[PDB]
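Given next, in structure tokens, is a single chain: the form deposited in one PDB entry.
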């Protein structure tokens, strides 16, 4: 018991309360203390829990670590261990995303502050942790209804927080490319550089870290948290509710006329999508035509962390992958929990998804069931908006600069097919999942991308 050990090692020490937040099941307190001058702090739904976490950080920073559970240990990154110790990096990206969300929700007082899952991307440009910069913040836990599908890219299909955070990261990447291409003097401020292999690549030591308030839905969450000590099957998000179901071993692909006749939309679980990002990269196909693949360096979970299950879901399940195109690889990012894990909130999920990217003046609210904003307009993150930004970048880069030839792009799906290497890596990933017995990836009907900007 950290409070007991700190109270006996430093008998005269006294704890200091700060301020409570939320209400009922979502309420949480923040306690602080000052032993030998350091300003230790912790948090929990009840003050005695926050008390123990503040005393825990105090005992760790002034003495040694407590009786840490083995599954709670973090599988360290396969390479690139430069952003200090993994727990300090985890707690830093976690507090940064929570604080940016508090700024975007007027100190959690706005109606959109109530949420189940919170997500965000953090960028580090150097060895020091002071250099962190929040890139995107999002919330969401629902998917578009089958009847609200857009045949011209105006509706978001998946609004789970981590998915929306990646789309916001894509908005930041388009901004950085335009930042480099709009002026010669601004090239030093961009995160990109021209690559010796053609196109662009990230500047040295630029890293993105993903934070989710809970383990990603799907395979990463199929374990019993209270009995730690097993089949990485692919799963699809179910319609009418949170949670996933394994993909059927004998199921035909989605049809556009069938999503409105009987079959519910089958979106892949977030766990499978992050493994997919660990192979083909987080930039998607269109951005690959301009830049080299980008991968997350870390995956920080605010709750439901487990090293065996999360590592099995993020990459160990598809270690049999092979013959990847050059630059592509099986990412093995740092996986870690946090010192102040969130408590479970038993209750119904919100119908709205919140999203924000650095440089935006405010958050964007989306109705996850319809894939559009509360007043029926297309989202900044929708396919059509992304393709619009991509077209803007395509009209400024010389044809020789492109990593894949694609003169006069028109229909969205064809521009995606122009990324031959990304498509090849995606094919390798699909065969890896099949060869491992985890099932075949479910793809949405092609009519979903059969649209031109015109």
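Positions refer to the first chain, counted from 1. We call the rigid core the largest set of C-alpha positions that still match within 1.5 Å between the two forms.
With respect to the deposited sequence, is there a break between residue 229 and residue 230 in this entry, and if so is it 1 to 3, 4 to 9, or 10 or more residues, or none at all? Per the record, 10 or more deposited residues are absent between residue 229 and residue 230.
Segment of higher mean CA temperature factor, 381-389 or 36-44: According to the PDB entry, the answer is 36-44.
289-297 or 145-153, whichever carries the higher mean Cα B-factor: It is 145-153 that shows the higher mean C-alpha B-factor.
If I read the C-alpha B-factors straight from the PDB entry, which of 400, 413, 420, 426 is highest? Most elevated C-alpha B-factor of the set, per the entry: 400.
Out of 131, 158, 364, 272, which residue has the highest Cα temperature factor in the PDB record? Answer, based on the entry's C-alpha B-factors: 131.
Using the B-factors in the PDB entry, rank residue 304's C-alpha atom against the chain and give the third, lowest, middle or highest. As the PDB entry reports it, the C-alpha B-factor of residue 304 lands in the lowest third of its chain.
Would you please rank residue 80 by its C-alpha temperature factor against the other modelled residues of its chain and give the third it falls in: lowest, middle or highest? Top third by C-alpha B-factor.
Third of the chain's Cα B-factor distribution that residue 200 belongs to, per the entry: Its C-alpha B-factor belongs to the middle third of this chain's values.
Place residue 339 in the lowest, middle or highest third of its chain's C-alpha B-factors, as listed in the PDB entry. Its C-alpha B-factor belongs to the middle third of this chain's values.
Where does the C-alpha B-factor of residue 259 rank in its chain, lowest, middle or highest third? Ranked within chain, residue 259 CA B lands in the highest tercile.
Just so you know, the form deposited in another entry exists too; it's not on screen, but the next bit is about it.
For the set 65, 427, 401, 388, which residue undergoes a C-alpha shift of 2 Å or more between this form and the one not shown, given alignment on the rigid core? Only 65 moves by 2 Å or more at its C-alpha.
Taking the rigid core as reference, does residue 80 move its C-alpha 2 Å or further between this form and the one not shown? The answer is yes, as the C-alpha of residue 80 shifts between this form and the one not shown by 2 Å or more after core alignment.
Comparing against this form, do residue 201 and residue 81 have their CA atoms pulled together or pushed apart in the other form? The difference is 3 Å or more. Here the pair is closer than in the other form; there, farther apart.
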